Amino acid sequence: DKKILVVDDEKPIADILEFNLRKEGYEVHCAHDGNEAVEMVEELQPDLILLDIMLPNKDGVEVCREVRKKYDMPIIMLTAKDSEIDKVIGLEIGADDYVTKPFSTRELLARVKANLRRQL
């Protein structure tokens, strides 16, 4: 089972992601802040991270940079629909993809699989 780390401060969003991902058959662990995420990354070595761009402490942008100093597993940012820059910025700083909130399940699961499979 592919291991996914869901990093989100809003429990209902983190929980609906964890629900859909476990259902599809992933092993899912949840972090609710920045530093806890970087810790969990070293212990679990997730296959993919879903990272809120708007974490309140250490930003998703800083989580991403700090993770990338050591690890290259796929990172997908979670962003609002209404901010172009939030979608764009993660791809400049080392994330692989983004999914917008609210997301369809359909799109979440495609994006996670496609990023798990991505070429070379």
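Quick note: we count residues from 1 along the sequence shown, nothing fancier.
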6 to 14 versus 108 to 116 - which carries the larger mean C-alpha B factor in the record: 6 to 14
Per the PDB entry, mean CA B-factor is higher for 34 to 42 or 77 to 85, namely for 34 to 42
Relative to the other modelled residues in the chain, which third contains the C-alpha temperature factor of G90: lowest, middle or highest? lowest
In terms of the chain's CA B-factor thirds, is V67 lowest, middle or highest? highest
Compare the C-alpha B factor of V28 with those of the other modelled residues in its chain, then answer lowest, middle or highest third. middle
State the tercile, meaning the lowest, middle or highest third, of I53 with respect to the CA B-factors recorded for its chain. middle
